[PDB]
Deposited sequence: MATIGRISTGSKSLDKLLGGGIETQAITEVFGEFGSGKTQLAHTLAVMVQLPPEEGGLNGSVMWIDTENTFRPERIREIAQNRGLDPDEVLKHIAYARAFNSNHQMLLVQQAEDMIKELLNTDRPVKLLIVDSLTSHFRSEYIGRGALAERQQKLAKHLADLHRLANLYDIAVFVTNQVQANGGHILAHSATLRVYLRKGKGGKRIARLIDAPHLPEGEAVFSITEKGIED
């Protein structure tokens, strides 16, 4: 299958990304607390539901939340302010809270069932969010010996996510709170606060600038 692209809501960020976030890929955003990672996730969960000529994929969403940071009313606000029905947009987000890293890993395997179910509907899953990818791993795997163990478990989790992205033509979008370790996302985006309330994004391994607004994010 040909890759699809999802607009982030920001023309600046879309250009940095080569045209939006890609299906058949894991895009990791990383940065300090407050850098806007979860706001971008909320915005993408709306944008993907737009038709293709508007920057979406007519897609549904699966969201794995490890920090209780998903806000249904933020989805509804972004949707309404972009001209979409807030309740229809929210309904197309399947939502699960991951209680620990082992549950998080099972939830990714479990997501395949709904992905298959929806694959030939008019709104197949096109975006899978894990927010936060790393928080449970960081809390659970700590101290001498934990680097190798945590990295190996994360590698398996990321392999599972890569398979879903690649097999079912889904964009996987993950967040990581930061600030030497290896990473296996296909693309890593460093996010930080800038002047005037702006957020600045840089590809890791130019910079885009955007604001967090009632439309989610925009230039």
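Residues of the deposited sequence missing from the coordinate set occupy positions 1, 181-185, 212-217.
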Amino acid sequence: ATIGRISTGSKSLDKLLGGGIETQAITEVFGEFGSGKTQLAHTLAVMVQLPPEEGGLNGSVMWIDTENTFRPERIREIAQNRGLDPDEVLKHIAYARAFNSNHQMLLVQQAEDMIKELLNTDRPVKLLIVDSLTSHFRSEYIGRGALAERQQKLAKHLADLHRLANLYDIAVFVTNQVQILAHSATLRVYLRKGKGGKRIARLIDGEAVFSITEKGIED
From here on, numbers count along this sequence of modelled residues.
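Of the other compared PDB entries of this protein that include residues on both sides, all give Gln151 atoms, none of them, and so not a third, leaving it without. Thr69 is built in all of the other entries compared, counting only those with both neighbours built, so it is not a gap in a third.
Remark: stretch with higher mean C-alpha B factor among 180-188 and 161-169 is 180-188.
Relative to one another, 20-28 and 195-203 have unequal mean CA B-factors, and 195-203 is the one with the higher figure. Note on the listed residues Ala148, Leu133, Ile78, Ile93: the highest Cα temperature factor in the record is that of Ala148. In the PDB entry, a CA B factor belonging to the lowest third of its chain's modelled residues is recorded for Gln49. When all modelled residues of the chain are sorted by CA temperature factor, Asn68 is found within the highest third. When the CA B factors of the chain's modelled residues are split into thirds, the value for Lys126 lands in the lowest one.
In the deposited entry, the Cα temperature factor of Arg74 places it in the middle third of its chain's modelled residues. Remark: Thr43 belongs to the lowest third of its chain, ranked by C-alpha B-factor as recorded.
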